[PDB]
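S.K.: The structure that follows is given in the form of structure tokens.
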Amino acid sequence: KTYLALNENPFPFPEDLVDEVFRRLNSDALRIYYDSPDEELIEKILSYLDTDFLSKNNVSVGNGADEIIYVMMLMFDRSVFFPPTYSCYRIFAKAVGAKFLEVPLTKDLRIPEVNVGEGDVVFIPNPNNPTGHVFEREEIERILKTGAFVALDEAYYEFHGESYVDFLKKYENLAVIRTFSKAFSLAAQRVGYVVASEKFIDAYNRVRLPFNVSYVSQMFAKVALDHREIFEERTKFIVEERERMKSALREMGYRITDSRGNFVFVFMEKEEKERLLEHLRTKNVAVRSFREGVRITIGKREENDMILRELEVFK
Amino acid sequence: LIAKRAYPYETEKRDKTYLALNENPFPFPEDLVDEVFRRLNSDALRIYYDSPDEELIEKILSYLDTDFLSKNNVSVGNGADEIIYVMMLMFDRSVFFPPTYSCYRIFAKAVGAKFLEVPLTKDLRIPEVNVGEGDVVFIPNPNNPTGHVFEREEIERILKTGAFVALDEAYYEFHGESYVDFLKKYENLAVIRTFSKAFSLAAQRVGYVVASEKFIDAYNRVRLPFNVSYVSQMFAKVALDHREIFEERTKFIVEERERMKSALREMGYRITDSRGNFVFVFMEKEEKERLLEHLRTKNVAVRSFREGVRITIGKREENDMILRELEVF
Ligand SMILES: *Cc1c(COP(=O)(O)O)cnc(C)c1O
Ligand SMILES: *Cc1c(COP(=O)(O)O)cnc(C)c1O
């Protein structure tokens, strides 16, 4: 069943690297409560961020970006996001028992307008999920300026050029959220990290479980970082394949988003939508369904061309 | 801003000989480590793996060894800690009884749950409590740090209250009994288990809850969907496929613990009838410190508490050292 529904990296984790992990782990470590953010892991996360302002104290980690989101809504009066966004901001907020406010994105995906100010946390996944489009930093400042806390979920950073992390130089009410689930093929290992003001990390760490990231998991994070180029070349393909089938879709007469993620969003009505879903299913093909369209993830060349073929015998 | 009074985050400074966190003395079988990576599926690390793995659950049932427990009575968590953590988000009020698992209180504050602490009797018994439905009452049996064992009727009393009981059996492996069977009659109960202790897997955070089908159904909705890594489950899994190797280490832990006790008593020491992978030794402050002061002098770490000290069972040579060090006091 050709799977393209969760923005999962088409590439398995390099076998070479799995070995290095295995060959670099100390059996004697598995018995003890290993430090959550490894001193080493943070050092690698920094050299990967490549900055000159953030330090050790500006970083922490979570059991997958999620746990980060999950624990942040726990430390703010109200969570504010803007559908259509990450499907889990709503679910988690409700589960954690946080007060949230959902303000629909404009007719043009732009960030709406609402109260928002200190005491608030506003989740802005840029590249957004699931349109994949990118909020212009002019926009994130608007909200930063409100004094409210901005949680930039740069979960798709690797697929898109820049990341507004540098905003940390002049805004302390911001925290960048990243993950290894995407570009690094570690979605099953649950490793995510956060970048924010020292005052933040110091608080964040106090509310999160002490040991939220397995020994073995940071190792993968760490080995993964020591071979970033291997991944940056899969990514290079992911994107090059993505900004292909987009051109391939527009030709077929589809209306898509200018996504900069490891996926493409295809706009289309509920009726005909439910139709090609029943058609894709008879073709063992799966994609992410939503309101206002479908989000198809980027897979292997053959999978990718599959979509373009089965999506033309339709429209 | 939003500044908090809660205790700061730190990382235990581990001495040359650490006996402060109830960690299994022995490393994870090197052989099993291999078995783990041998099953490890390269192209699996790239997908969102089911947290409660189908076979892990099954392995867990096999471990609990019953007839009434089914796949709908079992779930997992990012360590028994994560279970405690998310559980508190579920109930209006969390209830525990010092001396107890110190993280209850701590977690209580991180999450913002409402809680009430009711000291145990001088004989370590659950006191009277205005508890009832809407409340979750955490009772780690065998107890931490005393390690003493609560009685059946002691737990069922609270159970009949209608109040939801969290029976934290993090230390079951070091004690014969477990009151999981209570799930036959009562639903307002959940047993918390863990691979951190007797399975030398604390570094891989892998815990599980056995509770009534209606409860799990709820828990899965609250907890993070993917809270246990594919590799972490793998570890827990093979671990179960080789429980023998472990149970034999546990046999050692206990045989070593019961020894240590008998010896500590002769010393004149007043200890607890600890049924966990440790021993609790009551001491009177202005001499309890003189013990620690010394131990710190000799690069030794034990867990200091209100009324005394909790010492973890380590390797034989270590257990041999504590006895000696305590004699001279
Ligand atoms: C995929 C995704 C996540 C999940 O990341 P993990 O590292 O698997 O927790 C979080 N946020 C957004 C916006 C995502 O798209
Ligand atoms: C040690 C301990 C825990 C921690 O379990 P993990 O699986 O390591 O999270 C939970 N509860 C009690 C009562 C403990 O003593």
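So you can find residues: chains in the structure tokens are A, B, ... in the order shown, residues in each start at 1, and ligands are numbered from 1 in order.
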Need to verify the contact set: region 245-257 of chain A, 8 Å, only C-alpha atoms, exclusion of same-chain residues closer than 4 positions in sequence. Can you return it as JSON, numbers by chain?

M.R.: {"A": [131, 132, 133, 241, 264, 265, 266, 267, 268, 304, 305, 308, 312, 315]}

S.K.: Check every residue of chain A for an atom within 8 Å of chain B, counting only C-alpha atoms, and provide those that qualify as a ChimeraX atom specification.

M.R.: /A:6,8-15,18,22,27-35,63,66-67,70,74,92,95-97,118-119,181,184-190,202-203,205-217

S.K.: Can you list, as number ranges by chain, every protein, DNA or RNA residue that comes within 10 Å of region 269-276 of chain A when you count only C-alpha atoms, leaving out same-chain residues fewer than 6 positions away?

M.R.: A: 282, 289-294, 310-311, 313-315

S.K.: Quick check, in Å to one decimal: how far apart do CA of residue 220 (chain A) and atom 9 (O, counted along the ligand's line) of ligand 2 lie?

M.R.: 21.1 Å

S.K.: Among region 183-252 of chain B, which residues does DSSP mark as strand (DSSP E or B) when it is run on the backbone? Keep the chain and numbering as in the structure and answer as a list in words.

M.R.: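 Reading the DSSP output for region 183-252 of chain B, strand (DSSP E or B) covers residues 189, 190, 191, 192, 193, 194, 207, 208, 209, 210 and 211 of chain B.
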
S.K.: DSSP says alpha helix (DSSP H) for which residues of region 61-215 of chain B? Put them as a VMD selection string?

M.R.: chain B and resid 61 to 64 79 to 90 103 to 111 152 to 160 213 to 215

S.K.: Ligand 1: which residues are within 6 Å, counting only C-alpha atoms and all ligand atoms? Reply as a PyMOL selection string.

M.R.: chain A and resi 64-66+86+125+129+153+155+179-181+187+190-192

S.K.: Keeping only C-alpha atoms, take the residues you just selected and write them out as an mmCIF file, in the first residue's frame.

M.R.:
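What ended up in again_0.cif:
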```cif
data_model
loop_
_atom_site.group_PDB
_atom_site.id
_atom_site.type_symbol
_atom_site.label_atom_id
_atom_site.label_comp_id
_atom_site.auth_asym_id
_atom_site.auth_seq_id
_atom_site.Cartn_x
_atom_site.Cartn_y
_atom_site.Cartn_z
ATOM 1 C CA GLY A 64 9.396 14.104 19.516
ATOM 2 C CA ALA A 65 8.446 17.683 18.657
ATOM 3 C CA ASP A 66 5.036 16.727 19.962
ATOM 4 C CA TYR A 86 -1.125 20.961 12.614
ATOM 5 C CA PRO A 125 3.934 25.942 12.038
ATOM 6 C CA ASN A 129 0.846 21.941 7.964
ATOM 7 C CA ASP A 153 6.973 24.847 14.798
ATOM 8 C CA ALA A 155 9.027 21.009 11.789
ATOM 9 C CA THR A 179 12.368 17.507 14.827
ATOM 10 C CA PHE A 180 14.288 14.520 13.504
ATOM 11 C CA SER A 181 11.033 12.763 12.447
ATOM 12 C CA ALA A 187 10.030 9.432 13.193
ATOM 13 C CA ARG A 190 10.784 10.390 18.747
ATOM 14 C CA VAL A 191 13.440 13.077 19.007
ATOM 15 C CA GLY A 192 12.644 16.768 18.792
#
```

S.K.: Can you tell me, as an MDAnalysis selection string, what residues are no more than 12 Å from residue 134 (chain A) when counting only C-alpha atoms, ignoring any on the same chain fewer than 4 positions away?

M.R.: chainID A and resid 85 108:111 124:130 138:140 152:154 156:157 159:164 257:261

S.K.: Leaving out residue 281 (chain B) and any residue of its chain fewer than 6 positions from it, which residues lie within 6 Å of it when counting only C-alpha atoms, given as a list in words?

M.R.: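 The residues satisfying every condition are residues 271, 308 and 309 of chain B.
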
S.K.: Could you produce a table of the residues of region 17-100 of chain B lying within 8 Å of region 122-135 of chain B, with the nearest pair of atoms per residue and their separation in Å rounded to one decimal, using only C-alpha atoms, ordered by chain and increasing residue number, as a tab-separated table?

M.R.:
```
residue	atom	partner	partner_atom	distance
B:91	CA	B:135	CA	5.7
B:92	CA	B:134	CA	5.6
B:93	CA	B:135	CA	4.7
B:94	CA	B:135	CA	5.9
B:95	CA	B:135	CA	7.1
B:97	CA	B:126	CA	7.5
```

S.K.: Might you pull out every residue within 12 Å of region 162-165 of chain B, with only C-alpha atoms counted and same-chain residues fewer than 2 positions away left off, and present them as a VMD selection string?

M.R.: chain B and resid 84 87 to 88 90 to 96 129 to 141 154 to 160 167 to 169 179 to 180 182 to 183 186 to 192 211 to 212 215

S.K.: For the residues in that selection, give me N, CA and C atoms as a short mmCIF file (atom, residue, chain, number, x, y, z; two decimals), in the first residue's frame.

M.R.:
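Saved to out.cif:
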```cif
data_model
loop_
_atom_site.label_atom_id
_atom_site.label_comp_id
_atom_site.auth_asym_id
_atom_site.auth_seq_id
_atom_site.Cartn_x
_atom_site.Cartn_y
_atom_site.Cartn_z
N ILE B 84 2.33 8.31 35.14
CA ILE B 84 1.98 9.14 36.29
C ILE B 84 1.65 10.55 35.81
N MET B 87 -1.58 10.78 33.78
CA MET B 87 -2.72 10.38 34.60
C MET B 87 -3.24 11.56 35.41
N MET B 88 -2.32 12.30 36.02
CA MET B 88 -2.68 13.46 36.83
C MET B 88 -3.48 14.50 36.04
N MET B 90 -5.68 13.66 34.06
CA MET B 90 -7.00 13.07 33.92
C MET B 90 -7.98 13.24 35.07
N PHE B 91 -7.45 13.23 36.30
CA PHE B 91 -8.27 13.36 37.49
C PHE B 91 -8.28 14.75 38.12
N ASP B 92 -9.40 15.09 38.75
CA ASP B 92 -9.55 16.39 39.38
C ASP B 92 -8.51 16.59 40.48
N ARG B 93 -8.34 15.57 41.32
CA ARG B 93 -7.38 15.66 42.39
C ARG B 93 -6.50 14.40 42.55
N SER B 94 -5.21 14.63 42.74
CA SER B 94 -4.28 13.54 42.91
C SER B 94 -3.97 13.42 44.38
N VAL B 95 -4.01 12.19 44.89
CA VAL B 95 -3.76 11.95 46.30
C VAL B 95 -2.63 10.97 46.56
N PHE B 96 -1.62 11.37 47.33
CA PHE B 96 -0.53 10.47 47.67
C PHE B 96 -0.19 10.58 49.15
N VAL B 129 -9.07 9.01 54.76
CA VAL B 129 -9.08 10.01 53.70
C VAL B 129 -10.44 10.28 53.10
N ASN B 130 -10.79 11.56 53.03
CA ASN B 130 -12.06 12.01 52.48
C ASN B 130 -12.11 11.74 50.99
N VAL B 131 -11.32 10.78 50.53
CA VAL B 131 -11.24 10.46 49.11
C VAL B 131 -12.50 9.85 48.55
N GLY B 132 -12.70 10.02 47.25
CA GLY B 132 -13.86 9.50 46.54
C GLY B 132 -13.76 9.77 45.04
N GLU B 133 -14.77 9.34 44.28
CA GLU B 133 -14.77 9.55 42.83
C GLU B 133 -14.32 10.97 42.47
N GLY B 134 -13.64 11.10 41.34
CA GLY B 134 -13.12 12.38 40.89
C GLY B 134 -11.67 12.55 41.29
N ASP B 135 -11.20 11.66 42.17
CA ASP B 135 -9.84 11.67 42.68
C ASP B 135 -9.07 10.46 42.22
N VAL B 136 -7.76 10.63 42.09
CA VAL B 136 -6.89 9.54 41.72
C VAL B 136 -5.92 9.49 42.89
N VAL B 137 -5.80 8.32 43.49
CA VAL B 137 -4.92 8.18 44.64
C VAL B 137 -3.72 7.27 44.34
N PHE B 138 -2.53 7.87 44.26
CA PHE B 138 -1.28 7.16 43.98
C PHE B 138 -0.72 6.42 45.19
N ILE B 139 -0.62 5.10 45.06
CA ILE B 139 -0.14 4.25 46.14
C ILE B 139 0.90 3.28 45.58
N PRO B 140 2.19 3.63 45.66
CA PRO B 140 3.21 2.74 45.14
C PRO B 140 3.48 1.57 46.07
N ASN B 141 3.06 0.39 45.66
CA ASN B 141 3.27 -0.83 46.43
C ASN B 141 4.14 -1.75 45.56
N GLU B 154 -6.02 -2.94 52.69
CA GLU B 154 -5.63 -1.55 52.81
C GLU B 154 -5.95 -0.84 51.51
N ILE B 155 -5.64 -1.50 50.40
CA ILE B 155 -5.89 -0.91 49.09
C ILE B 155 -7.35 -0.99 48.66
N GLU B 156 -8.00 -2.11 48.97
CA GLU B 156 -9.40 -2.29 48.60
C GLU B 156 -10.35 -1.33 49.31
N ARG B 157 -9.93 -0.84 50.47
CA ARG B 157 -10.74 0.10 51.24
C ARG B 157 -10.92 1.34 50.40
N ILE B 158 -9.81 1.83 49.86
CA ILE B 158 -9.84 3.02 49.02
C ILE B 158 -10.56 2.70 47.73
N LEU B 159 -10.40 1.47 47.26
CA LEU B 159 -11.05 1.05 46.02
C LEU B 159 -12.57 1.13 46.12
N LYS B 160 -13.12 0.71 47.26
CA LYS B 160 -14.57 0.73 47.49
C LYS B 160 -15.08 2.17 47.60
N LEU B 167 -2.26 2.01 41.56
CA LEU B 167 -1.35 1.15 42.30
C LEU B 167 -0.06 1.04 41.50
N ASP B 168 0.92 1.81 41.94
CA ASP B 168 2.24 1.90 41.33
C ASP B 168 3.11 0.75 41.77
N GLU B 169 3.13 -0.30 40.95
CA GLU B 169 3.91 -1.49 41.23
C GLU B 169 5.29 -1.45 40.56
N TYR B 179 -1.37 -6.66 42.96
CA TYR B 179 -2.82 -6.72 43.05
C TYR B 179 -3.53 -6.38 41.74
N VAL B 180 -3.01 -6.89 40.62
CA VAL B 180 -3.59 -6.68 39.29
C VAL B 180 -4.98 -7.34 39.18
N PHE B 182 -7.33 -7.41 41.14
CA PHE B 182 -8.42 -6.57 41.61
C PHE B 182 -9.25 -6.08 40.41
N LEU B 183 -8.68 -6.18 39.20
CA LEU B 183 -9.36 -5.73 37.98
C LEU B 183 -10.53 -6.61 37.62
N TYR B 186 -13.14 -4.65 40.56
CA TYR B 186 -13.12 -3.20 40.37
C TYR B 186 -12.53 -2.65 39.08
N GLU B 187 -13.08 -1.52 38.63
CA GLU B 187 -12.64 -0.86 37.40
C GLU B 187 -11.86 0.40 37.72
N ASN B 188 -12.14 1.00 38.87
CA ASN B 188 -11.46 2.22 39.30
C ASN B 188 -10.03 1.93 39.78
N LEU B 189 -9.32 1.10 39.03
CA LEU B 189 -7.95 0.72 39.38
C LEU B 189 -7.07 0.54 38.15
N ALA B 190 -5.79 0.86 38.29
CA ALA B 190 -4.83 0.71 37.22
C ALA B 190 -3.51 0.38 37.90
N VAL B 191 -2.78 -0.58 37.34
CA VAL B 191 -1.51 -0.98 37.91
C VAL B 191 -0.43 -0.45 36.99
N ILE B 192 0.56 0.24 37.57
CA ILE B 192 1.68 0.79 36.80
C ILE B 192 2.90 -0.10 36.95
N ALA B 211 -5.16 -1.76 33.21
CA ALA B 211 -6.33 -1.22 33.86
C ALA B 211 -7.57 -1.69 33.11
N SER B 212 -8.74 -1.33 33.61
CA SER B 212 -9.99 -1.72 32.99
C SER B 212 -10.06 -1.14 31.59
N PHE B 215 -10.89 2.49 31.10
CA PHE B 215 -9.87 3.45 31.51
C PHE B 215 -8.81 3.69 30.44
#
```

S.K.: Considering only C-alpha atoms, return as JSON, numbers by chain whatever protein or nucleic-acid residues lie within 6 Å of residue 193 (chain B), sequence-local ones (same chain, fewer than 5 positions apart) excluded.

M.R.: {"B": [169, 170, 207, 208]}

S.K.: Could you turn the residues from that selection into a file that holds N, CA and C atoms, as a JSON list (two decimals), in the first residue's frame?

M.R.:
```json
[["chain", "number", "residue", "atom", "x", "y", "z"],
["B", 169, "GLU", "N", 3.13, -0.30, 40.95],
["B", 169, "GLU", "CA", 3.91, -1.49, 41.23],
["B", 169, "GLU", "C", 5.29, -1.45, 40.56],
["B", 170, "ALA", "N", 5.90, -0.27, 40.52],
["B", 170, "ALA", "CA", 7.20, -0.14, 39.91],
["B", 170, "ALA", "C", 8.15, -1.19, 40.47],
["B", 207, "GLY", "N", 7.38, 1.98, 30.22],
["B", 207, "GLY", "CA", 6.46, 1.55, 31.27],
["B", 207, "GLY", "C", 5.09, 1.19, 30.75],
["B", 208, "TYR", "N", 4.35, 0.39, 31.51],
["B", 208, "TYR", "CA", 3.02, -0.01, 31.08],
["B", 208, "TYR", "C", 1.99, -0.01, 32.19]]
```

S.K.: What is the distance, in Å and to one decimal place, between CA of residue 260 (chain B) and atom 15 (O, counted along the ligand's line) of ligand 2?

M.R.: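 One can read the CA of residue 260 (chain B) to atom 15 (O, counted along the ligand's line) of ligand 2 distance as 19.8 Å.
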
S.K.: Could you tell me how far CA of residue 298 (chain A) lies from CA of residue 262 (chain A), in Å and to one decimal?

M.R.: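 About the pair CA of residue 298 (chain A) and CA of residue 262 (chain A): they are 5.6 Å apart.
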
S.K.: Between B:145, B:176, B:98, B:119, single out the one closest to ligand 2, counting only C-alpha atoms and all ligand atoms.

M.R.: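 Nearest candidate to ligand 2 out of B:145, B:176, B:98, B:119: B:145.
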